[PDB]
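Participant: Below is a structure I'd like to ask you about.
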Amino acid sequence: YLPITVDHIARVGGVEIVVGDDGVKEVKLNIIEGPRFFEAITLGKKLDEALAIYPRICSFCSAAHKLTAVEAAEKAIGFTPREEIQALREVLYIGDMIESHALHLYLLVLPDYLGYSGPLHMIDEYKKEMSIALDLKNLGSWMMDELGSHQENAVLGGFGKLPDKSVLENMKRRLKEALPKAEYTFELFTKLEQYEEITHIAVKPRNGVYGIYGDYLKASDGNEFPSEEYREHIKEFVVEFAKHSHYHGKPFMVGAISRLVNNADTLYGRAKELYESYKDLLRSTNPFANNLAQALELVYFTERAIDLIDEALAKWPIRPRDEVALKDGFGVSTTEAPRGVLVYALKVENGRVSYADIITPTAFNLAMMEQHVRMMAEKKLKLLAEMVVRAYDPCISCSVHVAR
Amino acid sequence: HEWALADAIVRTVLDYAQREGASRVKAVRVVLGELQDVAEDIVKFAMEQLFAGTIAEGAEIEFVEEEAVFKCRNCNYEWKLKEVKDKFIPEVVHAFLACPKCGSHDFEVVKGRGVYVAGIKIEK
Ligand SMILES: [Zn+2]
(Lines give C-alpha, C1' and ligand atoms only; values in the text may rest on other atoms or scores of the structure.)
Protein backbone atom coordinates (compact mmCIF):
# COMPACT_ATOMS: atom_id res chain seq x y z
CA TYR A 1 0.00 0.00 0.00
CA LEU A 2 0.92 3.70 0.06
CA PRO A 3 4.41 4.21 1.58
CA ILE A 4 5.14 7.15 3.90
CA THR A 5 7.55 8.14 6.64
CA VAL A 6 6.30 9.24 10.01
CA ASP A 7 8.95 9.15 12.71
CA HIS A 8 8.03 7.65 16.06
CA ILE A 9 9.40 9.72 18.90
CA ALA A 10 10.47 7.49 21.77
CA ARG A 11 12.75 9.70 23.85
CA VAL A 12 11.30 8.05 26.97
CA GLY A 13 8.55 2.50 34.89
CA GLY A 14 7.65 5.66 36.78
CA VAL A 15 5.14 7.74 38.73
CA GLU A 16 4.21 11.24 37.58
CA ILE A 17 2.88 14.02 39.78
CA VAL A 18 2.06 17.51 38.51
CA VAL A 19 1.93 20.35 41.05
CA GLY A 20 1.11 24.05 41.00
CA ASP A 21 1.23 27.33 42.90
CA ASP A 22 -2.38 26.71 43.94
CA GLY A 23 -1.56 23.17 45.05
CA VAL A 24 -1.11 19.75 43.48
CA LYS A 25 -2.99 19.51 40.18
CA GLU A 26 -2.67 15.92 39.00
CA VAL A 27 -1.07 12.61 39.92
CA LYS A 28 -1.02 9.45 37.83
CA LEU A 29 1.21 6.40 37.52
CA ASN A 30 1.97 3.69 34.97
CA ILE A 31 4.39 1.34 36.68
CA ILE A 32 3.46 -2.14 35.46
CA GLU A 33 2.21 -3.72 32.23
CA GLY A 34 -0.74 -6.01 31.59
CA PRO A 35 -0.07 -9.76 31.63
CA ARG A 36 -2.82 -10.00 29.01
CA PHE A 37 -0.24 -10.88 26.35
CA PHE A 38 0.70 -14.06 28.17
CA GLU A 39 -2.97 -14.74 28.85
CA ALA A 40 -3.39 -14.47 25.09
CA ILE A 41 -0.42 -16.53 23.91
CA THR A 42 -0.65 -19.59 26.16
CA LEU A 43 -4.19 -20.32 24.96
CA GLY A 44 -4.13 -23.58 23.03
CA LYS A 45 -0.62 -24.44 24.15
CA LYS A 46 0.23 -27.53 26.19
CA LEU A 47 -0.10 -27.23 29.96
CA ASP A 48 3.61 -27.85 30.49
CA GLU A 49 4.60 -25.22 27.93
CA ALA A 50 2.20 -22.69 29.44
CA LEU A 51 3.62 -23.46 32.87
CA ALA A 52 7.03 -22.72 31.37
CA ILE A 53 5.84 -19.43 29.85
CA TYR A 54 4.07 -18.03 32.92
CA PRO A 55 7.11 -17.27 35.13
CA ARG A 56 8.29 -14.75 32.51
CA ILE A 57 5.79 -12.27 33.96
CA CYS A 58 7.39 -9.96 36.55
CA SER A 59 10.55 -12.10 36.80
CA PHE A 60 11.49 -10.68 40.23
CA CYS A 61 9.01 -13.07 41.84
CA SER A 62 10.22 -15.92 39.59
CA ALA A 63 9.46 -18.83 41.95
CA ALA A 64 6.02 -17.68 43.12
CA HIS A 65 4.53 -17.52 39.62
CA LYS A 66 5.65 -21.08 38.92
CA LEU A 67 4.29 -22.46 42.20
CA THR A 68 0.88 -20.82 41.95
CA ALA A 69 0.71 -21.72 38.26
CA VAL A 70 1.23 -25.41 38.89
CA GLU A 71 -1.17 -25.15 41.83
CA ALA A 72 -3.88 -23.79 39.53
CA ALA A 73 -3.13 -26.54 37.02
CA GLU A 74 -3.43 -29.27 39.65
CA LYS A 75 -6.66 -27.73 40.98
CA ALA A 76 -7.91 -27.89 37.40
CA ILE A 77 -7.01 -31.50 36.62
CA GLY A 78 -8.35 -32.55 40.02
CA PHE A 79 -4.97 -33.58 41.43
CA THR A 80 -4.24 -32.93 45.09
CA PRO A 81 -0.53 -33.12 46.03
CA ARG A 82 0.74 -34.96 49.11
CA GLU A 83 1.33 -33.06 52.35
CA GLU A 84 5.09 -33.64 52.14
CA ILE A 85 5.61 -32.22 48.65
CA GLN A 86 3.19 -29.41 49.55
CA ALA A 87 5.35 -28.65 52.58
CA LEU A 88 8.46 -28.64 50.39
CA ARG A 89 6.77 -26.28 47.93
CA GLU A 90 6.00 -24.03 50.88
CA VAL A 91 9.67 -24.27 51.92
CA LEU A 92 11.01 -23.18 48.53
CA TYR A 93 8.34 -20.49 48.55
CA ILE A 94 9.55 -19.43 52.01
CA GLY A 95 13.02 -19.13 50.52
CA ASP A 96 11.69 -16.80 47.84
CA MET A 97 9.93 -14.85 50.59
CA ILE A 98 13.14 -14.47 52.58
CA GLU A 99 15.17 -13.35 49.58
CA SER A 100 12.56 -10.90 48.28
CA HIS A 101 11.78 -9.38 51.66
CA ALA A 102 15.38 -9.03 52.83
CA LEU A 103 16.59 -7.57 49.53
CA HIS A 104 13.65 -5.17 49.30
CA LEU A 105 13.76 -3.88 52.87
CA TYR A 106 17.52 -3.49 53.21
CA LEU A 107 18.55 -2.40 49.71
CA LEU A 108 15.53 -0.18 49.03
CA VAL A 109 13.90 1.04 52.25
CA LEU A 110 16.91 1.76 54.46
CA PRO A 111 18.85 4.04 52.07
CA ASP A 112 15.73 6.23 51.84
CA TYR A 113 15.53 6.84 55.58
CA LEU A 114 19.29 7.29 55.93
CA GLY A 115 19.50 9.29 52.69
CA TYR A 116 22.11 7.26 50.80
CA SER A 117 22.82 7.22 47.07
CA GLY A 118 25.21 5.36 44.77
CA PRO A 119 27.05 2.22 45.96
CA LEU A 120 25.44 0.81 49.10
CA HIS A 121 28.54 -0.71 50.71
CA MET A 122 30.56 1.65 52.91
CA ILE A 123 32.82 1.42 55.96
CA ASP A 124 31.38 4.06 58.31
CA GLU A 125 27.95 2.42 58.41
CA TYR A 126 25.83 -0.41 57.10
CA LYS A 127 28.43 -3.15 57.23
CA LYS A 128 26.32 -5.26 59.57
CA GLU A 129 22.99 -4.48 57.92
CA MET A 130 24.43 -5.57 54.58
CA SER A 131 25.92 -8.63 56.24
CA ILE A 132 22.43 -9.60 57.38
CA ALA A 133 20.86 -8.73 54.04
CA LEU A 134 23.46 -10.71 52.10
CA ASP A 135 23.22 -13.69 54.45
CA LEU A 136 19.43 -13.81 54.18
CA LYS A 137 19.62 -13.33 50.40
CA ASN A 138 22.17 -16.13 50.14
CA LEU A 139 20.05 -18.37 52.34
CA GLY A 140 16.83 -17.85 50.40
CA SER A 141 18.53 -18.11 47.02
CA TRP A 142 20.31 -21.27 48.20
CA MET A 143 17.02 -22.83 49.27
CA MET A 144 15.61 -21.89 45.87
CA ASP A 145 18.63 -23.42 44.14
CA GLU A 146 18.46 -26.60 46.21
CA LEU A 147 14.73 -27.28 45.82
CA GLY A 148 14.43 -25.58 42.44
CA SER A 149 16.45 -25.51 39.23
CA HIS A 150 13.20 -20.45 36.35
CA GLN A 151 12.20 -23.36 38.58
CA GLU A 152 12.90 -26.52 36.59
CA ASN A 153 12.22 -28.70 39.63
CA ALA A 154 8.65 -27.41 39.90
CA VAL A 155 6.52 -29.72 37.76
CA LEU A 156 2.86 -30.69 37.50
CA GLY A 157 1.98 -33.28 40.13
CA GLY A 158 5.26 -33.20 42.03
CA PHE A 159 8.95 -32.37 41.76
CA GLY A 160 11.52 -32.97 39.03
CA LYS A 161 14.16 -33.88 41.60
CA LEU A 162 14.62 -33.89 45.38
CA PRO A 163 17.95 -33.53 47.23
CA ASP A 164 19.46 -35.56 50.07
CA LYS A 165 18.31 -35.22 53.69
CA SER A 166 21.76 -33.95 54.68
CA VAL A 167 21.33 -30.66 52.83
CA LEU A 168 17.91 -30.35 54.49
CA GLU A 169 19.44 -30.77 57.94
CA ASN A 170 22.09 -28.21 57.01
CA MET A 171 19.25 -26.01 55.78
CA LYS A 172 17.57 -26.30 59.18
CA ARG A 173 20.85 -25.38 60.88
CA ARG A 174 21.38 -22.39 58.58
CA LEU A 175 17.81 -21.23 59.19
CA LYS A 176 18.27 -21.45 62.95
CA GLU A 177 21.45 -19.42 62.48
CA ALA A 178 19.50 -16.93 60.37
CA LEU A 179 16.78 -16.33 62.99
CA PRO A 180 18.60 -13.70 65.11
CA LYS A 181 19.52 -11.75 61.97
CA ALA A 182 15.84 -11.50 61.05
CA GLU A 183 15.14 -10.49 64.65
CA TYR A 184 17.69 -7.67 64.32
CA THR A 185 15.97 -6.66 61.09
CA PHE A 186 12.61 -6.45 62.87
CA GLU A 187 14.13 -4.45 65.73
CA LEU A 188 15.86 -2.09 63.29
CA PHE A 189 12.69 -1.49 61.29
CA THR A 190 10.76 -0.98 64.51
CA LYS A 191 12.61 2.27 65.25
CA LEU A 192 12.03 3.97 61.89
CA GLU A 193 9.24 6.48 61.37
CA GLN A 194 5.98 5.45 59.76
CA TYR A 195 3.52 7.61 57.80
CA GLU A 196 6.41 9.97 57.02
CA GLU A 197 9.85 10.38 55.47
CA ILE A 198 3.16 14.19 56.17
CA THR A 199 1.19 11.27 57.50
CA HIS A 200 -0.37 9.05 54.89
CA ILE A 201 -2.33 7.25 57.64
CA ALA A 202 -5.96 6.63 56.69
CA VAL A 203 -8.65 3.99 56.36
CA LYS A 204 -7.51 1.17 54.09
CA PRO A 205 -9.09 -2.25 53.46
CA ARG A 206 -6.44 -4.97 53.42
CA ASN A 207 -6.81 -8.24 51.51
CA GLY A 208 -5.18 -11.60 52.15
CA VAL A 209 -5.59 -15.37 52.15
CA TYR A 210 -6.16 -17.67 55.13
CA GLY A 211 -4.21 -20.83 55.93
CA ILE A 212 -4.73 -22.81 59.12
CA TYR A 213 -1.23 -22.37 60.57
CA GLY A 214 0.21 -19.71 58.27
CA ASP A 215 -0.35 -17.41 55.29
CA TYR A 216 1.77 -19.00 52.52
CA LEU A 217 -0.84 -21.09 50.69
CA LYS A 218 -4.65 -20.91 50.90
CA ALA A 219 -7.99 -21.55 49.17
CA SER A 220 -10.04 -18.72 50.71
CA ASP A 221 -10.08 -14.92 50.44
CA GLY A 222 -9.25 -13.04 53.63
CA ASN A 223 -10.98 -9.66 53.94
CA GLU A 224 -13.55 -8.74 56.59
CA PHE A 225 -16.24 -10.80 54.83
CA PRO A 226 -14.47 -13.84 53.34
CA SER A 227 -15.15 -15.67 50.09
CA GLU A 228 -13.74 -19.00 48.95
CA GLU A 229 -13.01 -18.03 45.36
CA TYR A 230 -14.55 -15.04 43.61
CA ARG A 231 -13.77 -12.39 41.02
CA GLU A 232 -13.65 -8.90 42.46
CA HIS A 233 -14.34 -5.91 40.23
CA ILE A 234 -11.60 -4.66 37.94
CA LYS A 235 -11.51 -1.24 36.30
CA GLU A 236 -9.79 -0.06 33.15
CA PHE A 237 -8.35 3.40 33.70
CA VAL A 238 -5.65 4.61 31.35
CA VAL A 239 -3.03 7.28 31.94
CA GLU A 240 -2.77 7.71 28.18
CA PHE A 241 -0.89 1.48 31.85
CA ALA A 242 -2.35 -1.61 33.51
CA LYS A 243 -5.90 -2.15 34.76
CA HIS A 244 -6.77 -1.14 38.32
CA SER A 245 -8.73 -3.29 40.76
CA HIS A 246 -11.45 -2.44 43.28
CA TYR A 247 -12.58 -4.67 46.14
CA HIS A 248 -16.16 -4.16 47.30
CA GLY A 249 -16.23 -1.02 45.16
CA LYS A 250 -13.19 0.56 46.79
CA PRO A 251 -9.39 0.44 46.35
CA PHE A 252 -7.56 -2.05 48.58
CA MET A 253 -4.02 -2.92 49.65
CA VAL A 254 -2.17 -6.24 49.65
CA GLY A 255 1.11 -7.27 51.27
CA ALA A 256 2.48 -8.30 54.67
CA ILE A 257 0.18 -5.87 56.49
CA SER A 258 -2.80 -7.63 54.93
CA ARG A 259 -1.56 -11.03 56.13
CA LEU A 260 -1.03 -9.64 59.62
CA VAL A 261 -4.29 -7.71 59.89
CA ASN A 262 -6.49 -10.48 58.52
CA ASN A 263 -4.63 -13.53 59.83
CA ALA A 264 -2.88 -12.34 63.02
CA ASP A 265 -4.33 -15.03 65.28
CA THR A 266 -2.87 -17.74 63.05
CA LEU A 267 0.72 -16.79 63.88
CA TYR A 268 2.88 -18.51 66.48
CA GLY A 269 6.46 -18.68 67.74
CA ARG A 270 8.67 -15.65 68.38
CA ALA A 271 6.83 -13.69 65.67
CA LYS A 272 3.63 -14.06 67.69
CA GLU A 273 5.21 -12.54 70.80
CA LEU A 274 6.74 -9.77 68.69
CA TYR A 275 3.36 -9.08 67.08
CA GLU A 276 1.70 -8.88 70.49
CA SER A 277 4.44 -6.53 71.66
CA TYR A 278 4.24 -4.11 68.73
CA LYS A 279 0.63 -4.63 67.61
CA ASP A 280 0.14 -0.86 67.56
CA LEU A 281 3.02 -0.42 65.10
CA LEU A 282 1.70 -2.91 62.57
CA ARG A 283 -1.66 -1.15 62.28
CA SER A 284 -4.18 -1.50 59.44
CA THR A 285 -4.16 2.23 58.68
CA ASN A 286 -0.58 2.74 57.44
CA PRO A 287 1.47 1.65 54.37
CA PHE A 288 4.98 1.93 55.84
CA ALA A 289 4.10 -0.62 58.51
CA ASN A 290 4.27 -3.14 55.67
CA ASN A 291 8.02 -2.73 55.64
CA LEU A 292 8.17 -3.54 59.34
CA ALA A 293 5.51 -6.19 58.77
CA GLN A 294 7.74 -7.78 56.16
CA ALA A 295 10.57 -7.88 58.68
CA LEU A 296 8.27 -9.71 61.09
CA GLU A 297 7.41 -12.21 58.37
CA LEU A 298 11.10 -13.00 58.12
CA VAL A 299 11.27 -14.39 61.64
CA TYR A 300 7.99 -16.23 61.32
CA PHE A 301 8.81 -17.77 57.98
CA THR A 302 12.21 -18.71 59.33
CA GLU A 303 10.79 -20.66 62.26
CA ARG A 304 7.86 -21.95 60.25
CA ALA A 305 10.29 -23.28 57.65
CA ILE A 306 11.99 -25.37 60.31
CA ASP A 307 8.68 -26.91 61.31
CA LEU A 308 7.88 -27.56 57.67
CA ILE A 309 11.26 -29.22 57.23
CA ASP A 310 10.46 -31.53 60.13
CA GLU A 311 7.14 -32.34 58.47
CA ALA A 312 9.05 -33.44 55.37
CA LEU A 313 10.97 -35.81 57.64
CA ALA A 314 7.72 -37.30 58.96
CA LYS A 315 8.01 -39.51 55.89
CA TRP A 316 11.70 -40.31 55.52
CA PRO A 317 11.56 -41.58 51.96
CA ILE A 318 10.12 -39.02 49.54
CA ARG A 319 9.11 -39.39 45.91
CA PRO A 320 7.35 -37.00 43.49
CA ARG A 321 3.98 -38.47 42.51
CA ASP A 322 2.42 -38.48 39.05
CA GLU A 323 -0.95 -37.15 37.90
CA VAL A 324 -3.20 -37.54 34.87
CA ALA A 325 -4.37 -34.50 32.92
CA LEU A 326 -8.16 -34.10 32.94
CA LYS A 327 -10.42 -31.93 30.83
CA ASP A 328 -12.83 -29.35 32.18
CA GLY A 329 -10.68 -28.69 35.17
CA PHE A 330 -10.87 -25.08 36.12
CA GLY A 331 -8.46 -24.08 38.79
CA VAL A 332 -8.28 -20.76 40.57
CA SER A 333 -5.32 -20.54 42.91
CA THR A 334 -5.08 -17.51 45.14
CA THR A 335 -1.60 -17.61 46.62
CA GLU A 336 0.29 -15.08 48.69
CA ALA A 337 3.39 -13.53 47.12
CA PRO A 338 5.97 -11.35 48.94
CA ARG A 339 4.32 -8.48 47.07
CA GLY A 340 0.81 -9.61 48.00
CA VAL A 341 -1.91 -11.98 46.84
CA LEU A 342 -1.12 -13.50 43.45
CA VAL A 343 -4.08 -14.89 41.52
CA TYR A 344 -3.84 -17.59 38.86
CA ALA A 345 -6.83 -18.92 36.93
CA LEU A 346 -6.40 -21.82 34.52
CA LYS A 347 -9.13 -23.66 32.63
CA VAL A 348 -7.87 -26.72 30.76
CA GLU A 349 -9.59 -28.35 27.78
CA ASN A 350 -8.29 -31.44 25.95
CA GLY A 351 -5.01 -31.13 27.84
CA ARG A 352 -4.45 -27.56 26.66
CA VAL A 353 -5.02 -24.17 28.27
CA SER A 354 -8.54 -22.97 27.46
CA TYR A 355 -8.66 -19.98 29.78
CA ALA A 356 -5.97 -18.01 31.59
CA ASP A 357 -6.39 -15.07 33.94
CA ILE A 358 -3.42 -13.83 35.93
CA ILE A 359 -3.49 -11.00 38.44
CA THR A 360 -0.28 -9.75 40.04
CA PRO A 361 -0.27 -8.13 43.52
CA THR A 362 1.13 -4.86 42.16
CA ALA A 363 -2.06 -4.48 40.12
CA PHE A 364 -4.00 -4.67 43.36
CA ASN A 365 -1.62 -2.25 45.09
CA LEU A 366 -1.72 0.30 42.28
CA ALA A 367 -5.14 1.76 43.11
CA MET A 368 -4.19 2.43 46.73
CA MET A 369 -0.79 3.64 45.50
CA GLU A 370 -2.63 6.29 43.49
CA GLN A 371 -4.81 6.97 46.55
CA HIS A 372 -2.07 7.40 49.14
CA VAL A 373 -0.40 10.17 47.24
CA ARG A 374 -1.71 12.61 49.78
CA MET A 375 1.86 13.81 50.14
CA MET A 376 2.07 17.58 50.35
CA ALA A 377 5.56 19.07 50.36
CA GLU A 378 7.63 21.74 48.62
CA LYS A 379 10.59 20.67 46.49
CA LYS A 380 12.23 16.70 48.28
CA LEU A 381 8.58 15.78 47.65
CA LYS A 382 9.88 13.33 45.07
CA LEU A 383 11.81 11.47 47.78
CA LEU A 384 8.75 11.25 50.03
CA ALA A 385 6.53 9.95 47.24
CA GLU A 386 9.29 7.48 46.38
CA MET A 387 9.29 6.22 49.96
CA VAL A 388 5.52 5.82 49.92
CA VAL A 389 5.81 3.89 46.66
CA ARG A 390 8.61 1.69 47.99
CA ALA A 391 6.40 0.91 50.98
CA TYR A 392 4.24 -1.14 48.61
CA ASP A 393 7.31 -2.94 47.23
CA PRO A 394 6.59 -2.84 43.51
CA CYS A 395 8.95 -4.57 41.08
CA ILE A 396 10.57 -1.29 40.03
CA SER A 397 9.75 2.42 40.25
CA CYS A 398 10.83 6.02 39.70
CA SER A 399 9.31 9.41 40.56
CA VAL A 400 9.01 12.50 38.39
CA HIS A 401 7.84 15.89 39.63
CA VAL A 402 6.48 18.56 37.30
CA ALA A 403 5.28 22.13 37.80
CA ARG A 404 2.44 24.09 36.19
CA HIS B 1 9.39 -1.07 26.68
CA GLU B 2 7.04 -2.87 24.30
CA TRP B 3 3.78 -1.27 25.46
CA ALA B 4 5.21 2.26 25.41
CA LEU B 5 6.63 1.89 21.91
CA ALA B 6 3.36 0.34 20.75
CA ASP B 7 1.54 3.30 22.30
CA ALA B 8 3.77 5.65 20.31
CA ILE B 9 3.07 3.77 17.09
CA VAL B 10 -0.68 3.72 17.67
CA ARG B 11 -0.78 7.41 18.57
CA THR B 12 1.24 8.33 15.48
CA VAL B 13 -0.87 6.19 13.14
CA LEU B 14 -4.11 7.59 14.56
CA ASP B 15 -2.70 11.10 14.24
CA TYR B 16 -1.85 10.50 10.59
CA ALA B 17 -5.33 9.09 10.02
CA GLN B 18 -6.86 12.16 11.67
CA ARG B 19 -4.81 14.53 9.52
CA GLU B 20 -5.71 12.72 6.30
CA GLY B 21 -9.37 12.64 7.32
CA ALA B 22 -9.30 8.85 7.21
CA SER B 23 -12.60 7.05 7.75
CA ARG B 24 -10.78 3.81 8.54
CA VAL B 25 -7.27 2.33 8.67
CA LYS B 26 -6.71 -1.19 7.32
CA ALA B 27 -2.97 -1.92 7.34
CA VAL B 28 0.20 -0.53 8.92
CA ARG B 29 3.81 -1.44 8.13
CA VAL B 30 6.36 -0.53 10.79
CA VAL B 31 10.14 -0.63 10.43
CA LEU B 32 11.98 -1.51 13.63
CA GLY B 33 15.71 -1.14 14.13
CA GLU B 34 17.29 -4.32 15.44
CA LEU B 35 19.04 -2.29 18.14
CA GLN B 36 15.61 -2.15 19.76
CA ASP B 37 15.36 -4.99 22.28
CA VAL B 38 11.57 -5.04 22.08
CA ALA B 39 9.77 -8.27 21.16
CA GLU B 40 7.71 -8.09 17.98
CA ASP B 41 4.90 -10.31 19.27
CA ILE B 42 4.29 -8.24 22.40
CA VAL B 43 4.43 -4.97 20.46
CA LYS B 44 2.05 -6.32 17.81
CA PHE B 45 -0.38 -7.57 20.45
CA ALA B 46 -0.25 -4.28 22.33
CA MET B 47 -0.87 -2.39 19.10
CA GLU B 48 -3.86 -4.64 18.41
CA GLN B 49 -5.29 -3.95 21.86
CA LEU B 50 -4.80 -0.18 21.68
CA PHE B 51 -6.20 -0.15 18.15
CA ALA B 52 -9.52 -1.37 19.56
CA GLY B 53 -12.35 1.16 19.73
CA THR B 54 -10.94 3.43 17.03
CA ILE B 55 -11.09 3.85 13.26
CA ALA B 56 -7.83 1.91 13.05
CA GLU B 57 -9.33 -1.28 14.48
CA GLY B 58 -8.76 -4.81 13.22
CA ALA B 59 -5.93 -3.37 11.14
CA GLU B 60 -3.20 -5.69 9.89
CA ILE B 61 0.23 -4.85 11.29
CA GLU B 62 3.44 -5.89 9.52
CA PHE B 63 6.92 -5.61 11.02
CA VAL B 64 10.05 -5.11 8.94
CA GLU B 65 13.43 -5.28 10.64
CA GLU B 66 16.16 -2.83 9.65
CA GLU B 67 19.68 -4.19 10.12
CA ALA B 68 22.18 -2.33 12.28
CA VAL B 69 25.10 -0.64 10.53
CA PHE B 70 28.04 0.91 12.36
CA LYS B 71 30.60 3.30 10.89
CA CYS B 72 33.90 3.67 12.74
CA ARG B 73 35.19 7.20 12.27
CA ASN B 74 38.91 6.71 12.97
CA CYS B 75 39.71 4.22 10.20
CA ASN B 76 36.48 5.32 8.47
CA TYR B 77 35.23 1.73 8.14
CA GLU B 78 31.68 0.39 8.11
CA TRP B 79 30.55 -3.01 9.40
CA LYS B 80 27.27 -4.69 10.34
CA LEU B 81 26.02 -6.25 13.57
CA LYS B 82 25.70 -9.69 11.96
CA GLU B 83 29.47 -9.74 11.45
CA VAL B 84 30.04 -9.36 15.20
CA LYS B 85 27.11 -11.55 16.22
CA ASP B 86 28.92 -14.63 14.91
CA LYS B 87 31.06 -15.84 17.81
CA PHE B 88 21.46 -9.75 24.33
CA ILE B 89 23.23 -8.21 21.31
CA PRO B 90 21.10 -5.07 20.94
CA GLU B 91 21.38 -2.91 24.02
CA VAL B 92 23.93 -0.14 24.50
CA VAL B 93 26.61 -1.25 22.05
CA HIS B 94 28.92 1.63 22.70
CA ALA B 95 30.05 -0.21 25.79
CA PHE B 96 31.51 -3.39 24.20
CA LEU B 97 31.58 -3.11 20.41
CA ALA B 98 34.47 -1.71 18.42
CA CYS B 99 35.58 -1.74 14.79
CA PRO B 100 36.87 -5.14 13.58
CA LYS B 101 39.85 -3.23 12.18
CA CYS B 102 40.57 -0.58 14.81
CA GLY B 103 41.34 -0.73 18.53
CA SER B 104 39.14 2.36 18.80
CA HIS B 105 35.60 1.84 20.18
CA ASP B 106 34.62 5.03 18.52
CA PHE B 107 31.87 4.76 15.96
CA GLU B 108 28.48 6.09 14.88
CA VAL B 109 25.25 4.15 14.37
CA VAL B 110 23.86 4.94 10.93
CA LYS B 111 21.09 2.37 10.58
CA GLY B 112 19.10 0.30 13.06
CA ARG B 113 18.61 2.65 16.00
CA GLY B 114 15.24 4.17 15.12
CA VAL B 115 11.68 2.96 14.61
CA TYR B 116 9.47 4.46 11.90
CA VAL B 117 6.18 3.69 10.16
CA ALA B 118 6.93 2.98 6.50
CA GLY B 119 3.42 2.25 5.23
CA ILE B 120 -0.21 3.01 6.07
CA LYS B 121 -3.36 1.83 4.29
CA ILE B 122 -6.24 4.31 4.36
CA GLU B 123 -9.92 3.93 3.50
CA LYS B 124 -11.98 7.10 3.02
ZN1 LIG C 1 38.13 1.64 13.16
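Basis: the model, the stated rules and, where named, an outside source; these are not laboratory values. All Cβ positions, even for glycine, are placed from backbone atoms using ideal geometry, and neighbour counts span all protein chains on display.
Participant: Out of the residues in region B:43-69 meeting the condition of being over 24 Å from B:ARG113 (Cα atoms) and small (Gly, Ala, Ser), tell me which one is surrounded by the most Cβ atoms within 10 Å (Cβ to Cβ).
Facilitator: Ranking the qualifying residues of region B:43-69, first place goes to B:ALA56.
Participant: How many residues are more than 20 Å from B:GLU40 (Cβ to Cβ) and buried (at least 20 other Cβ atoms within 10 Å of the Cβ) when one looks only at region A:33-54?
Facilitator: 4
Participant: Which one is nearest to the ligand (Cβ to nearest atom) among residues in region B:101-124 that are farther than 9 Å from B:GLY33 by Cβ and of a type in the set (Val, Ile, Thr)?
Facilitator: B:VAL110
Participant: In addition: So, of the residues in region B:70-89 that are under 18 Å from B:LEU35 (Cα atoms) and in a strand (DSSP E or B), which turns out to be nearest to the ligand (Cβ to nearest atom)?
Facilitator: Among them, the one singled out is B:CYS72.
Participant: Could you tell me whether any residue of region A:75-87 is surrounded by fewer than 23 Cβ atoms within 10 Å (Cβ to Cβ), farther than 15 Å from A:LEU156 by Cα and among the hydroxyl-bearing types (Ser, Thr, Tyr)?
Facilitator: Looking through region A:75-87, none of the residues is surrounded by fewer than 23 Cβ atoms within 10 Å (Cβ to Cβ), farther than 15 Å from A:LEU156 by Cα and among the hydroxyl-bearing types (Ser, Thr, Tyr).
Participant: What's the number of the condition B:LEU35 fails, among (1) assigned by CATH to the domain that holds B:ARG11; (2) within 16 Å of the ligand (Cβ to nearest atom)?
Facilitator: Every listed condition holds for B:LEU35 apart from (2).
Participant: Could you tell me how many of the residues in region A:359-387 are under 19 Å from the mean Cα position of the chain (by Cα) and not polar (S, T, N, Q)?
Facilitator: 11
Participant: So the check is Cβ under 6 Å with 6+ separation or different chains; which pairs have a first residue in region B:95-124 that's away from chain A (no Cβ under 14 Å) and on the phi > 0 side of the Ramachandran plot and a second one that's within 16 Å of the ligand (Cβ to nearest atom) and part of a loop (DSSP other than H, G, I, E, B)?
Facilitator: Here the result reads B:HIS105/B:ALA98, each pair linking region B:95-124 to a residue that is within 16 Å of the ligand (Cβ to nearest atom) and part of a loop (DSSP other than H, G, I, E, B).
Participant: Here is a follow-up. Take the conditions within 30 Å of A:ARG36 (Cβ to Cβ), away from the ligand (no atom under 14 Å from the Cβ) and touching a helix residue (DSSP H, G or I) at 6+ places or on another chain (Cβ under 6 Å) and apply them to B:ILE61. Does it pass?
Facilitator: yes
Participant: Go through (1) surrounded by fewer than 19 Cβ atoms within 10 Å (Cβ to Cβ); (2) in contact with a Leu (Cβ under 9 Å, 6 or more places away or on another chain) one by one and return the number of the condition A:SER141 breaks.
Facilitator: Going through (1) surrounded by fewer than 19 Cβ atoms within 10 Å (Cβ to Cβ); (2) in contact with a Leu (Cβ under 9 Å, 6 or more places away or on another chain) one by one, A:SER141 breaks only (2).
Participant: Still on this structure, I have one more. Could you tell me which residue of region B:43-58 is farthest from B:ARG24 (Cα to Cα), considering only residues that are within 13 Å of chain A (Cβ to nearest Cβ) and of a type in the set (A, V, I, L, M)?
Facilitator: Across region B:43-58, the extreme among qualifying residues is B:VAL43.
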